[PDB]
Structure formats: C-alpha cells, structure tokens
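The structure file work02.txt is reproduced below (compact mmCIF, N, CA and C atoms).
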# COMPACT_ATOMS: atom_id res chain seq x y z
N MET A 1 -74.88 45.47 -152.30
CA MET A 1 -75.28 44.28 -151.57
C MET A 1 -75.72 44.62 -150.15
N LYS A 2 -76.64 43.81 -149.63
CA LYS A 2 -77.13 43.94 -148.27
C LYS A 2 -76.27 43.11 -147.34
N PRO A 3 -76.16 43.46 -146.06
CA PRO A 3 -75.40 42.62 -145.14
C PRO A 3 -76.05 41.26 -144.93
N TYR A 4 -75.21 40.32 -144.57
CA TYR A 4 -75.58 38.94 -144.32
C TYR A 4 -75.50 38.79 -142.81
N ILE A 5 -76.65 38.61 -142.16
CA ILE A 5 -76.76 38.63 -140.71
C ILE A 5 -77.19 37.25 -140.23
N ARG A 6 -76.44 36.68 -139.30
CA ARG A 6 -76.76 35.37 -138.77
C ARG A 6 -76.96 35.45 -137.26
N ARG A 7 -77.85 34.58 -136.75
CA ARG A 7 -78.26 34.59 -135.36
C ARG A 7 -78.11 33.21 -134.74
N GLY A 8 -78.04 33.20 -133.42
CA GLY A 8 -78.11 31.99 -132.65
C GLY A 8 -79.32 31.97 -131.73
N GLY A 9 -79.22 31.16 -130.69
CA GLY A 9 -80.29 31.14 -129.71
C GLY A 9 -80.29 32.39 -128.85
N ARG A 10 -79.19 32.63 -128.15
CA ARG A 10 -79.12 33.75 -127.22
C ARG A 10 -79.40 35.06 -127.96
N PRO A 11 -80.21 35.95 -127.40
CA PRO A 11 -80.41 37.24 -128.06
C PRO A 11 -79.13 38.06 -127.99
N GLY A 12 -78.85 38.79 -129.07
CA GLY A 12 -77.66 39.61 -129.12
C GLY A 12 -76.39 38.90 -129.50
N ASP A 13 -76.48 37.66 -129.99
CA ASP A 13 -75.32 36.91 -130.47
C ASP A 13 -75.19 36.97 -131.99
N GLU A 14 -75.84 37.93 -132.63
CA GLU A 14 -75.88 37.95 -134.08
C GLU A 14 -74.53 38.37 -134.67
N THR A 15 -74.27 37.93 -135.90
CA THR A 15 -73.02 38.18 -136.59
C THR A 15 -73.31 38.74 -137.97
N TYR A 16 -72.40 39.55 -138.49
CA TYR A 16 -72.65 40.34 -139.69
C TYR A 16 -71.57 40.08 -140.73
N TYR A 17 -71.99 39.93 -142.00
CA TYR A 17 -71.07 39.62 -143.08
C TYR A 17 -71.40 40.41 -144.33
N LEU A 18 -70.35 40.78 -145.06
CA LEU A 18 -70.44 41.40 -146.37
C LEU A 18 -69.91 40.43 -147.42
N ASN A 19 -70.65 40.25 -148.50
CA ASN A 19 -70.28 39.29 -149.52
C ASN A 19 -69.15 39.84 -150.40
N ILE A 20 -68.30 38.94 -150.88
CA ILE A 20 -67.36 39.27 -151.95
C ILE A 20 -67.89 38.60 -153.21
N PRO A 21 -68.44 39.35 -154.17
CA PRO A 21 -69.00 38.72 -155.37
C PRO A 21 -68.00 37.79 -156.05
N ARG A 22 -68.54 36.73 -156.66
CA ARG A 22 -67.72 35.66 -157.22
C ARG A 22 -66.61 36.21 -158.09
N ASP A 23 -66.97 37.01 -159.10
CA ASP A 23 -65.96 37.41 -160.07
C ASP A 23 -64.95 38.38 -159.47
N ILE A 24 -65.35 39.20 -158.50
CA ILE A 24 -64.35 40.03 -157.83
C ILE A 24 -63.43 39.16 -157.00
N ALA A 25 -63.99 38.20 -156.26
CA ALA A 25 -63.16 37.26 -155.52
C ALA A 25 -62.23 36.50 -156.46
N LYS A 26 -62.76 36.01 -157.57
CA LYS A 26 -61.93 35.27 -158.51
C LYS A 26 -60.81 36.16 -159.07
N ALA A 27 -61.14 37.39 -159.46
CA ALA A 27 -60.13 38.28 -160.01
C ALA A 27 -59.07 38.66 -158.99
N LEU A 28 -59.39 38.63 -157.70
CA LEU A 28 -58.44 39.00 -156.67
C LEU A 28 -57.68 37.79 -156.12
N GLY A 29 -58.04 36.58 -156.54
CA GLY A 29 -57.34 35.40 -156.05
C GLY A 29 -57.56 35.18 -154.57
N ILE A 30 -58.77 35.45 -154.09
CA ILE A 30 -59.04 35.38 -152.66
C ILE A 30 -59.19 33.92 -152.25
N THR A 31 -58.51 33.54 -151.17
CA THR A 31 -58.58 32.17 -150.67
C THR A 31 -58.74 32.18 -149.15
N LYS A 32 -59.12 31.01 -148.61
CA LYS A 32 -59.24 30.83 -147.16
C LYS A 32 -57.96 31.17 -146.42
N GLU A 33 -56.84 31.29 -147.11
CA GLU A 33 -55.60 31.63 -146.44
C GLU A 33 -55.41 33.13 -146.23
N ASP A 34 -56.22 33.97 -146.88
CA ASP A 34 -55.98 35.40 -146.88
C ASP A 34 -56.30 36.02 -145.52
N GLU A 35 -55.55 37.06 -145.17
CA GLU A 35 -55.81 37.82 -143.96
C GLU A 35 -56.06 39.28 -144.31
N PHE A 36 -57.00 39.89 -143.57
CA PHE A 36 -57.45 41.25 -143.81
C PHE A 36 -57.35 42.04 -142.52
N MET A 37 -57.00 43.32 -142.63
CA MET A 37 -57.08 44.22 -141.50
C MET A 37 -58.19 45.21 -141.81
N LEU A 38 -59.14 45.33 -140.88
CA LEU A 38 -60.34 46.12 -141.08
C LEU A 38 -60.14 47.52 -140.53
N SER A 39 -60.42 48.51 -141.35
CA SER A 39 -60.46 49.88 -140.87
C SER A 39 -61.81 50.46 -141.25
N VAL A 40 -62.24 51.44 -140.45
CA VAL A 40 -63.43 52.25 -140.73
C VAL A 40 -62.95 53.62 -141.17
N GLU A 41 -63.44 54.08 -142.32
CA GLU A 41 -63.00 55.35 -142.89
C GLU A 41 -64.17 56.04 -143.58
N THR A 42 -63.89 57.22 -144.12
CA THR A 42 -64.88 58.03 -144.80
C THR A 42 -64.58 58.05 -146.29
N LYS A 43 -65.59 57.74 -147.10
CA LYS A 43 -65.49 57.82 -148.55
C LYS A 43 -66.71 58.57 -149.05
N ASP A 44 -66.50 59.76 -149.61
CA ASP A 44 -67.60 60.65 -150.02
C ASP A 44 -68.49 61.01 -148.83
N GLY A 45 -67.85 61.34 -147.71
CA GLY A 45 -68.56 61.69 -146.50
C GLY A 45 -69.51 60.60 -146.02
N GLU A 46 -69.40 59.41 -146.60
CA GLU A 46 -70.13 58.25 -146.12
C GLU A 46 -69.17 57.30 -145.42
N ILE A 47 -69.75 56.44 -144.60
CA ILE A 47 -69.00 55.50 -143.77
C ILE A 47 -68.57 54.31 -144.62
N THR A 48 -67.29 53.95 -144.53
CA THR A 48 -66.73 52.87 -145.33
C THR A 48 -66.01 51.85 -144.45
N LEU A 49 -66.29 50.58 -144.69
CA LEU A 49 -65.55 49.48 -144.09
C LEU A 49 -64.49 49.01 -145.08
N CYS A 50 -63.20 49.19 -144.74
CA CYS A 50 -62.10 48.82 -145.63
C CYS A 50 -61.36 47.60 -145.11
N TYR A 51 -61.37 46.52 -145.89
CA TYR A 51 -60.64 45.30 -145.57
C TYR A 51 -59.37 45.26 -146.42
N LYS A 52 -58.24 45.54 -145.80
CA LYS A 52 -56.96 45.52 -146.50
C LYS A 52 -56.35 44.13 -146.42
N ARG A 53 -56.10 43.51 -147.57
CA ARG A 53 -55.48 42.18 -147.54
C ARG A 53 -54.03 42.31 -147.09
N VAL A 54 -53.70 41.64 -145.99
CA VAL A 54 -52.39 41.79 -145.37
C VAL A 54 -51.52 40.55 -145.54
N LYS A 55 -52.11 39.38 -145.84
CA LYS A 55 -51.39 38.12 -145.87
C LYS A 55 -52.03 37.21 -146.91
N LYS A 56 -51.18 36.41 -147.58
CA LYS A 56 -51.51 35.50 -148.70
C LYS A 56 -52.04 36.28 -149.90
N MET B 1 -57.58 39.33 -139.71
CA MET B 1 -58.73 38.42 -139.75
C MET B 1 -58.87 37.75 -141.11
N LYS B 2 -59.52 36.61 -141.16
CA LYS B 2 -59.62 35.80 -142.37
C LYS B 2 -61.02 35.86 -142.98
N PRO B 3 -61.17 35.47 -144.25
CA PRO B 3 -62.51 35.42 -144.85
C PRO B 3 -63.34 34.29 -144.28
N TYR B 4 -64.63 34.52 -144.30
CA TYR B 4 -65.62 33.50 -144.02
C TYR B 4 -65.99 32.89 -145.36
N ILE B 5 -65.52 31.67 -145.61
CA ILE B 5 -65.77 30.98 -146.87
C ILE B 5 -66.85 29.95 -146.61
N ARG B 6 -67.96 30.04 -147.32
CA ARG B 6 -68.96 29.02 -147.08
C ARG B 6 -68.92 27.95 -148.17
N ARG B 7 -70.06 27.72 -148.79
CA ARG B 7 -70.31 26.52 -149.56
C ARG B 7 -69.53 26.51 -150.86
N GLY B 8 -69.53 25.35 -151.51
CA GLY B 8 -68.87 25.15 -152.78
C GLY B 8 -68.80 23.68 -153.18
N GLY B 9 -68.61 23.41 -154.46
CA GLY B 9 -68.36 22.05 -154.90
C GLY B 9 -66.89 21.85 -155.18
N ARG B 10 -66.11 22.96 -155.08
CA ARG B 10 -64.69 23.21 -155.34
C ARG B 10 -64.38 24.12 -156.53
N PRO B 11 -65.24 24.19 -157.61
CA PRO B 11 -64.72 24.72 -158.89
C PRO B 11 -64.67 26.24 -159.05
N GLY B 12 -64.51 27.00 -157.96
CA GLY B 12 -64.78 28.42 -158.00
C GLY B 12 -66.24 28.74 -157.80
N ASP B 13 -67.08 27.71 -157.68
CA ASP B 13 -68.46 27.80 -157.24
C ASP B 13 -68.50 27.83 -155.72
N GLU B 14 -67.67 28.69 -155.13
CA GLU B 14 -67.66 28.98 -153.70
C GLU B 14 -68.16 30.39 -153.46
N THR B 15 -68.34 30.71 -152.18
CA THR B 15 -68.79 32.02 -151.77
C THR B 15 -67.88 32.52 -150.65
N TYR B 16 -67.66 33.84 -150.63
CA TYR B 16 -66.67 34.48 -149.78
C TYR B 16 -67.32 35.63 -149.04
N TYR B 17 -67.02 35.75 -147.75
CA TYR B 17 -67.62 36.78 -146.91
C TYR B 17 -66.57 37.40 -146.00
N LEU B 18 -66.79 38.66 -145.67
CA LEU B 18 -65.96 39.36 -144.71
C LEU B 18 -66.82 39.78 -143.53
N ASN B 19 -66.35 39.46 -142.33
CA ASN B 19 -67.13 39.62 -141.12
C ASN B 19 -67.04 41.06 -140.66
N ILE B 20 -68.17 41.59 -140.19
CA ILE B 20 -68.17 42.86 -139.47
C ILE B 20 -68.28 42.54 -137.99
N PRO B 21 -67.25 42.79 -137.19
CA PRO B 21 -67.34 42.52 -135.75
C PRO B 21 -68.56 43.21 -135.15
N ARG B 22 -69.25 42.48 -134.28
CA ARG B 22 -70.56 42.88 -133.80
C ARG B 22 -70.59 44.30 -133.26
N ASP B 23 -69.56 44.72 -132.53
CA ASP B 23 -69.67 46.05 -131.96
C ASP B 23 -69.32 47.13 -132.95
N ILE B 24 -68.60 46.81 -134.02
CA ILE B 24 -68.51 47.78 -135.10
C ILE B 24 -69.82 47.82 -135.86
N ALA B 25 -70.41 46.65 -136.12
CA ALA B 25 -71.73 46.61 -136.72
C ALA B 25 -72.73 47.41 -135.90
N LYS B 26 -72.74 47.21 -134.57
CA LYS B 26 -73.67 47.94 -133.72
C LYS B 26 -73.39 49.44 -133.74
N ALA B 27 -72.11 49.82 -133.63
CA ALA B 27 -71.78 51.24 -133.56
C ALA B 27 -72.17 51.97 -134.84
N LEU B 28 -72.22 51.27 -135.97
CA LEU B 28 -72.64 51.83 -137.24
C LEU B 28 -74.12 51.66 -137.49
N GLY B 29 -74.86 51.08 -136.53
CA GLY B 29 -76.28 50.83 -136.71
C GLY B 29 -76.60 49.99 -137.92
N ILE B 30 -75.80 48.96 -138.19
CA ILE B 30 -76.02 48.15 -139.38
C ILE B 30 -77.26 47.28 -139.20
N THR B 31 -78.15 47.32 -140.19
CA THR B 31 -79.36 46.51 -140.20
C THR B 31 -79.43 45.79 -141.53
N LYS B 32 -80.45 44.94 -141.69
CA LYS B 32 -80.51 44.08 -142.86
C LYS B 32 -80.82 44.85 -144.13
N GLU B 33 -81.34 46.06 -144.03
CA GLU B 33 -81.74 46.80 -145.21
C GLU B 33 -80.71 47.80 -145.68
N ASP B 34 -79.59 47.93 -144.97
CA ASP B 34 -78.50 48.79 -145.43
C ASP B 34 -77.99 48.32 -146.79
N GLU B 35 -77.50 49.27 -147.58
CA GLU B 35 -76.96 48.98 -148.90
C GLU B 35 -75.51 49.41 -148.94
N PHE B 36 -74.66 48.54 -149.46
CA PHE B 36 -73.23 48.78 -149.53
C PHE B 36 -72.78 48.69 -150.97
N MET B 37 -71.86 49.56 -151.34
CA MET B 37 -71.31 49.60 -152.68
C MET B 37 -69.85 49.19 -152.53
N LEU B 38 -69.46 48.11 -153.21
CA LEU B 38 -68.13 47.55 -153.07
C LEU B 38 -67.19 48.18 -154.10
N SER B 39 -66.07 48.72 -153.62
CA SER B 39 -65.01 49.21 -154.50
C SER B 39 -63.70 48.55 -154.08
N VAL B 40 -62.75 48.49 -155.01
CA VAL B 40 -61.45 47.86 -154.78
C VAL B 40 -60.35 48.91 -154.96
N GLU B 41 -59.47 49.01 -153.97
CA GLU B 41 -58.51 50.10 -153.89
C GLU B 41 -57.16 49.56 -153.44
N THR B 42 -56.15 50.42 -153.42
CA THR B 42 -54.87 50.10 -152.81
C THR B 42 -54.69 50.93 -151.55
N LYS B 43 -54.22 50.27 -150.50
CA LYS B 43 -53.84 50.89 -149.24
C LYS B 43 -52.49 50.31 -148.87
N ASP B 44 -51.51 51.18 -148.63
CA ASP B 44 -50.13 50.77 -148.40
C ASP B 44 -49.68 49.74 -149.43
N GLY B 45 -50.05 49.97 -150.69
CA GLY B 45 -49.67 49.03 -151.74
C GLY B 45 -50.30 47.66 -151.64
N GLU B 46 -51.34 47.50 -150.83
CA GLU B 46 -52.05 46.23 -150.73
C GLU B 46 -53.50 46.40 -151.16
N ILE B 47 -54.04 45.34 -151.77
CA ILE B 47 -55.43 45.33 -152.21
C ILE B 47 -56.35 45.58 -151.02
N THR B 48 -57.31 46.47 -151.20
CA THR B 48 -58.29 46.72 -150.15
C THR B 48 -59.69 46.65 -150.72
N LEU B 49 -60.56 45.89 -150.06
CA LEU B 49 -61.99 45.90 -150.38
C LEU B 49 -62.70 46.92 -149.50
N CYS B 50 -63.32 47.92 -150.13
CA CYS B 50 -63.99 49.01 -149.42
C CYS B 50 -65.49 48.91 -149.65
N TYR B 51 -66.25 48.85 -148.56
CA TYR B 51 -67.71 48.77 -148.63
C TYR B 51 -68.27 50.09 -148.11
N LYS B 52 -68.78 50.91 -149.01
CA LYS B 52 -69.36 52.19 -148.64
C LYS B 52 -70.86 52.00 -148.48
N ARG B 53 -71.41 52.49 -147.37
CA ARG B 53 -72.84 52.43 -147.14
C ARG B 53 -73.51 53.50 -147.98
N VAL B 54 -74.34 53.08 -148.93
CA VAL B 54 -75.00 53.99 -149.84
C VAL B 54 -76.49 54.14 -149.56
N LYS B 55 -77.04 53.34 -148.65
CA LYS B 55 -78.42 53.48 -148.19
C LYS B 55 -78.54 52.84 -146.81
N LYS B 56 -79.20 53.53 -145.89
CA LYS B 56 -79.50 52.95 -144.58
C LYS B 56 -80.87 52.28 -144.64
Whole structure, structure tokens version:
Amino acid sequence: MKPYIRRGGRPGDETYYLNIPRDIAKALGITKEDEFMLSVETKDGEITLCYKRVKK
Amino acid sequence: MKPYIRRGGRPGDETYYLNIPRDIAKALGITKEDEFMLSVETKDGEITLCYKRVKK
C-alpha cells in the first residue's frame, strides 16, 4: 500500500497515514479504543515502521 | 497513540489508519509513491503491525 497523505492550507502541515486493510483489521479486532507504540526498526535491511498494540 | 478511524456505516465497513508523525515521515523521506508491505508480528507478546518500505 501507498501512504495516505493529507494537507491543509499552511505549507508543511501535511500528515501521513498507513492503511490497515479491512480483513487484517477485522482479524485483529482493531477498534478506536486501541493504543499503539510506534518504533522504527530494520527488517531485511529495509526501514520498518512497527506499531505495537499496547492497550485494548 | 490511537488509530485514525475514518468512514463507515457501522457494519465493519469502516477504514483504519495509523499515523506517521510528520518528522518521522520527513526523516524517512516518505512520499506518495513509496510502497509498504504490511506484516503482523509479536513484540513483547503484543500484536505489532510492521510496515516495511519495499519501494521508494
């Protein structure tokens, strides 16, 4: 998947999002109550964004 | 941090997103054409969503 990038009026106020596909979200029971801790790590010498579910 | 949940009619026809903080996005040079491969793992015994960049 490609990143989901949103903008406002002011230049440089853009925000970035990664999608959670429906069936993966459904299989994981992901809800608006969940909390994630984000780490940056290496997977196969490539850059990885890891969201660890910490709450709910 | 929490998920960015957007639209839905309620029935699991919702969409789920995880935010990349702007300066992590900037430090990784994230642009709209980057490609990410989503994998699901355990970290400290908790579910982790890992997004590996597979194309810049």
- Surrounding residues of residue B:2 excluding itself and chain neighbours under 3 positions, 6 Å, all atoms listed in the file, as number ranges by chain: A: 34-36
Fit chain B to chain A: least squares, all C-alpha atoms, paired in order; write the output as an mmCIF file with N, CA and C atoms, in the coordinates of the input.
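Contents of part.cif, as written:
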data_model
loop_
_atom_site.group_PDB
_atom_site.id
_atom_site.type_symbol
_atom_site.label_atom_id
_atom_site.label_comp_id
_atom_site.auth_asym_id
_atom_site.auth_seq_id
_atom_site.Cartn_x
_atom_site.Cartn_y
_atom_site.Cartn_z
ATOM 1 N N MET B 1 -75.946 46.409 -151.824
ATOM 2 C CA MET B 1 -76.044 45.042 -151.300
ATOM 3 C C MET B 1 -76.182 45.030 -149.783
ATOM 4 N N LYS B 2 -76.735 43.973 -149.233
ATOM 5 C CA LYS B 2 -77.043 43.883 -147.810
ATOM 6 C C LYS B 2 -76.089 42.938 -147.080
ATOM 7 N N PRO B 3 -76.017 43.021 -145.748
ATOM 8 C CA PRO B 3 -75.186 42.072 -144.996
ATOM 9 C C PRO B 3 -75.781 40.680 -144.996
ATOM 10 N N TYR B 4 -74.891 39.725 -144.887
ATOM 11 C CA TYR B 4 -75.241 38.341 -144.639
ATOM 12 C C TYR B 4 -75.210 38.161 -143.132
ATOM 13 N N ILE B 5 -76.388 38.056 -142.520
ATOM 14 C CA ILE B 5 -76.506 37.913 -141.074
ATOM 15 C C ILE B 5 -76.811 36.456 -140.792
ATOM 16 N N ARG B 6 -75.966 35.796 -140.020
ATOM 17 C CA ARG B 6 -76.301 34.416 -139.734
ATOM 18 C C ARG B 6 -76.923 34.283 -138.345
ATOM 19 N N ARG B 7 -76.341 33.421 -137.536
ATOM 20 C CA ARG B 7 -76.987 32.889 -136.355
ATOM 21 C C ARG B 7 -77.108 33.930 -135.259
ATOM 22 N N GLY B 8 -77.886 33.586 -134.237
ATOM 23 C CA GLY B 8 -78.102 34.430 -133.083
ATOM 24 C C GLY B 8 -79.227 33.923 -132.188
ATOM 25 N N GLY B 9 -79.242 34.347 -130.936
ATOM 26 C CA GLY B 9 -80.367 34.052 -130.068
ATOM 27 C C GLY B 9 -81.260 35.263 -129.936
ATOM 28 N N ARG B 10 -80.814 36.398 -130.539
ATOM 29 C CA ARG B 10 -81.322 37.772 -130.582
ATOM 30 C C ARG B 10 -80.473 38.820 -129.860
ATOM 31 N N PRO B 11 -79.692 38.471 -128.775
ATOM 32 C CA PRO B 11 -79.241 39.543 -127.859
ATOM 33 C C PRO B 11 -78.007 40.345 -128.273
ATOM 34 N N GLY B 12 -77.743 40.499 -129.576
ATOM 35 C CA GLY B 12 -76.444 40.952 -130.021
ATOM 36 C C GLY B 12 -75.441 39.831 -130.125
ATOM 37 N N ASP B 13 -75.842 38.616 -129.746
ATOM 38 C CA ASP B 13 -75.125 37.379 -129.997
ATOM 39 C C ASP B 13 -75.443 36.893 -131.403
ATOM 40 N N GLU B 14 -75.343 37.802 -132.372
ATOM 41 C CA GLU B 14 -75.457 37.507 -133.797
ATOM 42 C C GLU B 14 -74.107 37.679 -134.465
ATOM 43 N N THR B 15 -74.058 37.287 -135.736
ATOM 44 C CA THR B 15 -72.857 37.401 -136.531
ATOM 45 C C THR B 15 -73.217 38.045 -137.868
ATOM 46 N N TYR B 16 -72.279 38.839 -138.398
ATOM 47 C CA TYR B 16 -72.505 39.698 -139.549
ATOM 48 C C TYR B 16 -71.403 39.471 -140.562
ATOM 49 N N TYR B 17 -71.778 39.379 -141.835
ATOM 50 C CA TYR B 17 -70.824 39.106 -142.903
ATOM 51 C C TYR B 17 -71.112 39.987 -144.110
ATOM 52 N N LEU B 18 -70.058 40.293 -144.844
ATOM 53 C CA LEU B 18 -70.175 41.014 -146.096
ATOM 54 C C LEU B 18 -69.652 40.136 -147.220
ATOM 55 N N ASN B 19 -70.451 40.007 -148.272
ATOM 56 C CA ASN B 19 -70.188 39.064 -149.339
ATOM 57 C C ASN B 19 -69.188 39.671 -150.301
ATOM 58 N N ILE B 20 -68.260 38.838 -150.774
ATOM 59 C CA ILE B 20 -67.410 39.212 -151.901
ATOM 60 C C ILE B 20 -67.962 38.516 -153.133
ATOM 61 N N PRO B 21 -68.511 39.241 -154.100
ATOM 62 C CA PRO B 21 -69.024 38.598 -155.316
ATOM 63 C C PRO B 21 -67.949 37.726 -155.955
ATOM 64 N N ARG B 22 -68.370 36.545 -156.397
ATOM 65 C CA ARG B 22 -67.451 35.500 -156.808
ATOM 66 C C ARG B 22 -66.421 35.974 -157.820
ATOM 67 N N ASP B 23 -66.817 36.800 -158.785
ATOM 68 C CA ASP B 23 -65.823 37.156 -159.780
ATOM 69 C C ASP B 23 -64.907 38.255 -159.309
ATOM 70 N N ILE B 24 -65.300 39.031 -158.304
ATOM 71 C CA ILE B 24 -64.310 39.891 -157.676
ATOM 72 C C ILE B 24 -63.385 39.058 -156.813
ATOM 73 N N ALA B 25 -63.944 38.101 -156.067
ATOM 74 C CA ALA B 25 -63.115 37.173 -155.321
ATOM 75 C C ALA B 25 -62.124 36.467 -156.233
ATOM 76 N N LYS B 26 -62.598 35.956 -157.384
ATOM 77 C CA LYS B 26 -61.708 35.266 -158.307
ATOM 78 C C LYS B 26 -60.648 36.207 -158.874
ATOM 79 N N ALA B 27 -61.064 37.411 -159.287
ATOM 80 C CA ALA B 27 -60.117 38.328 -159.915
ATOM 81 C C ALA B 27 -59.012 38.739 -158.949
ATOM 82 N N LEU B 28 -59.278 38.717 -157.646
ATOM 83 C CA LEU B 28 -58.295 39.021 -156.624
ATOM 84 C C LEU B 28 -57.569 37.792 -156.131
ATOM 85 N N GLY B 29 -57.863 36.613 -156.704
ATOM 86 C CA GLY B 29 -57.250 35.374 -156.255
ATOM 87 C C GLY B 29 -57.463 35.087 -154.790
ATOM 88 N N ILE B 30 -58.662 35.351 -154.274
ATOM 89 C CA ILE B 30 -58.910 35.155 -152.852
ATOM 90 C C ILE B 30 -58.980 33.665 -152.533
ATOM 91 N N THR B 31 -58.227 33.250 -151.515
ATOM 92 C CA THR B 31 -58.220 31.872 -151.047
ATOM 93 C C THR B 31 -58.443 31.885 -149.550
ATOM 94 N N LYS B 32 -58.535 30.691 -148.954
ATOM 95 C CA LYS B 32 -58.915 30.598 -147.554
ATOM 96 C C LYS B 32 -57.823 31.092 -146.624
ATOM 97 N N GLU B 33 -56.591 31.196 -147.087
ATOM 98 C CA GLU B 33 -55.496 31.573 -146.216
ATOM 99 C C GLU B 33 -55.138 33.039 -146.287
ATOM 100 N N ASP B 34 -55.811 33.810 -147.140
ATOM 101 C CA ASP B 34 -55.601 35.257 -147.177
ATOM 102 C C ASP B 34 -55.931 35.877 -145.822
ATOM 103 N N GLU B 35 -55.244 36.971 -145.507
ATOM 104 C CA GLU B 35 -55.455 37.688 -144.258
ATOM 105 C C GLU B 35 -55.887 39.103 -144.575
ATOM 106 N N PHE B 36 -56.925 39.560 -143.893
ATOM 107 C CA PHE B 36 -57.492 40.878 -144.110
ATOM 108 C C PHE B 36 -57.464 41.651 -142.811
ATOM 109 N N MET B 37 -57.175 42.935 -142.912
ATOM 110 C CA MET B 37 -57.122 43.820 -141.767
ATOM 111 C C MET B 37 -58.280 44.792 -141.953
ATOM 112 N N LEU B 38 -59.199 44.819 -140.985
ATOM 113 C CA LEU B 38 -60.406 45.616 -141.090
ATOM 114 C C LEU B 38 -60.163 47.006 -140.498
ATOM 115 N N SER B 39 -60.451 48.039 -141.288
ATOM 116 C CA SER B 39 -60.422 49.417 -140.800
ATOM 117 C C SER B 39 -61.765 50.065 -141.123
ATOM 118 N N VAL B 40 -62.107 51.110 -140.373
ATOM 119 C CA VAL B 40 -63.376 51.821 -140.531
ATOM 120 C C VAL B 40 -63.085 53.280 -140.897
ATOM 121 N N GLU B 41 -63.719 53.752 -141.964
ATOM 122 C CA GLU B 41 -63.382 55.033 -142.566
ATOM 123 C C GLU B 41 -64.658 55.761 -142.966
ATOM 124 N N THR B 42 -64.519 56.994 -143.435
ATOM 125 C CA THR B 42 -65.618 57.717 -144.053
ATOM 126 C C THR B 42 -65.349 57.868 -145.541
ATOM 127 N N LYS B 43 -66.386 57.626 -146.331
ATOM 128 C CA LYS B 43 -66.395 57.845 -147.769
ATOM 129 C C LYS B 43 -67.683 58.578 -148.081
ATOM 130 N N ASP B 44 -67.573 59.724 -148.752
ATOM 131 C CA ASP B 44 -68.707 60.605 -149.001
ATOM 132 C C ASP B 44 -69.535 60.812 -147.737
ATOM 133 N N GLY B 45 -68.847 61.000 -146.610
ATOM 134 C CA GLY B 45 -69.559 61.197 -145.351
ATOM 135 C C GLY B 45 -70.344 60.003 -144.858
ATOM 136 N N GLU B 46 -70.101 58.818 -145.405
ATOM 137 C CA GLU B 46 -70.762 57.604 -144.938
ATOM 138 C C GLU B 46 -69.734 56.614 -144.408
ATOM 139 N N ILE B 47 -70.148 55.858 -143.386
ATOM 140 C CA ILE B 47 -69.296 54.837 -142.789
ATOM 141 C C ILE B 47 -68.880 53.826 -143.852
ATOM 142 N N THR B 48 -67.599 53.502 -143.881
ATOM 143 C CA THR B 48 -67.117 52.485 -144.807
ATOM 144 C C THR B 48 -66.276 51.467 -144.067
ATOM 145 N N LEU B 49 -66.573 50.188 -144.280
ATOM 146 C CA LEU B 49 -65.712 49.106 -143.796
ATOM 147 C C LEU B 49 -64.716 48.724 -144.883
ATOM 148 N N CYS B 50 -63.423 48.872 -144.583
ATOM 149 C CA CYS B 50 -62.352 48.609 -145.544
ATOM 150 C C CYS B 50 -61.563 47.390 -145.093
ATOM 151 N N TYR B 51 -61.459 46.397 -145.973
ATOM 152 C CA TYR B 51 -60.713 45.172 -145.682
ATOM 153 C C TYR B 51 -59.471 45.166 -146.566
ATOM 154 N N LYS B 52 -58.319 45.403 -145.968
ATOM 155 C CA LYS B 52 -57.062 45.408 -146.697
ATOM 156 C C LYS B 52 -56.438 44.027 -146.572
ATOM 157 N N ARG B 53 -56.011 43.460 -147.699
ATOM 158 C CA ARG B 53 -55.337 42.176 -147.696
ATOM 159 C C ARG B 53 -53.911 42.380 -147.222
ATOM 160 N N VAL B 54 -53.571 41.787 -146.081
ATOM 161 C CA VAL B 54 -52.263 41.945 -145.486
ATOM 162 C C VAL B 54 -51.400 40.695 -145.597
ATOM 163 N N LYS B 55 -51.962 39.585 -146.069
ATOM 164 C CA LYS B 55 -51.210 38.366 -146.357
ATOM 165 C C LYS B 55 -51.990 37.543 -147.379
ATOM 166 N N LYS B 56 -51.296 37.037 -148.389
ATOM 167 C CA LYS B 56 -51.913 36.115 -149.343
ATOM 168 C C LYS B 56 -51.694 34.684 -148.858
#
Go through chain B and flag each residue having an atom no more than 8 Å from chain A; for those, report the closest pair of atoms plus their distance in Å to one decimal, using all atoms listed in the file, ordered by chain and rising number, as a Markdown table.
| residue | atom | partner | partner_atom | distance |
| --- | --- | --- | --- | --- |
| B:1 | C | A:36 | N | 3.8 |
| B:2 | CA | A:34 | C | 4.6 |
| B:3 | N | A:34 | C | 5.1 |
| B:4 | N | A:32 | CA | 7.1 |
| B:5 | N | A:32 | CA | 6.5 |
| B:12 | C | A:22 | CA | 7.1 |
| B:13 | CA | A:22 | CA | 7.9 |
| B:14 | C | A:22 | CA | 6.5 |
| B:15 | C | A:20 | N | 6.4 |
| B:16 | C | A:20 | N | 3.9 |
| B:17 | CA | A:18 | C | 4.3 |
| B:18 | C | A:18 | N | 4.0 |
| B:19 | CA | A:17 | CA | 4.4 |
| B:20 | N | A:16 | C | 3.8 |
| B:21 | N | A:16 | C | 6.2 |
| B:22 | CA | A:15 | CA | 6.0 |
| B:25 | CA | A:16 | CA | 7.0 |
| B:30 | C | A:3 | CA | 7.8 |
| B:31 | C | A:3 | N | 6.1 |
| B:32 | C | A:3 | N | 5.2 |
| B:33 | C | A:2 | CA | 5.9 |
| B:34 | C | A:2 | CA | 4.7 |
| B:35 | CA | A:1 | C | 4.7 |
| B:36 | C | A:1 | N | 4.1 |
| B:37 | N | A:1 | N | 5.2 |
| B:38 | N | A:1 | N | 6.1 |
| B:42 | C | A:52 | CA | 7.7 |
| B:43 | N | A:52 | CA | 6.8 |
| B:45 | C | A:53 | C | 8.0 |
| B:46 | C | A:53 | N | 5.3 |
| B:47 | C | A:53 | N | 4.0 |
| B:48 | CA | A:52 | CA | 4.1 |
| B:49 | C | A:51 | N | 3.9 |
| B:50 | CA | A:50 | CA | 4.2 |
| B:51 | N | A:49 | C | 3.9 |
| B:52 | CA | A:48 | CA | 4.3 |
| B:53 | N | A:47 | C | 4.4 |
| B:54 | N | A:47 | N | 7.1 |
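Atom to atom, atom C of residue B:11 and atom N of residue A:27 stand 11.7 Å apart.
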What are the centre and the three edge lengths of an axis-aligned box that wraps all atoms of stretch 7-14 of chain B in the file, given that 6 Å is added to every side, written as lines of an AutoDock Vina configuration file and rounded to one decimal in Å?
center_x = -67.3
center_y = 26.1
center_z = -153.9
size_x = 17.9
size_y = 20.5
size_z = 22.3
- strand (DSSP E) residues, from DSSP on the backbone, in chain B, as a list in words: residues 4, 5, 16, 17, 18, 19, 20, 35, 36, 37, 38, 39, 40, 41, 42, 43, 46, 47, 48, 49, 50, 51, 52, 53, 54 and 55 of chain B
Just stretch 9-13 of chain B, please, as a CSV table (one decimal), in the first residue's frame (only C-alpha atoms).
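That gives us decode_19.csv:
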chain,number,residue,atom,x,y,z
B,9,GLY,CA,-21.9,2.8,8.1
B,10,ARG,CA,-21.1,0.7,11.2
B,11,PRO,CA,-21.0,-2.9,9.9
B,12,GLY,CA,-17.3,-3.4,9.7
B,13,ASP,CA,-17.5,-1.3,6.5
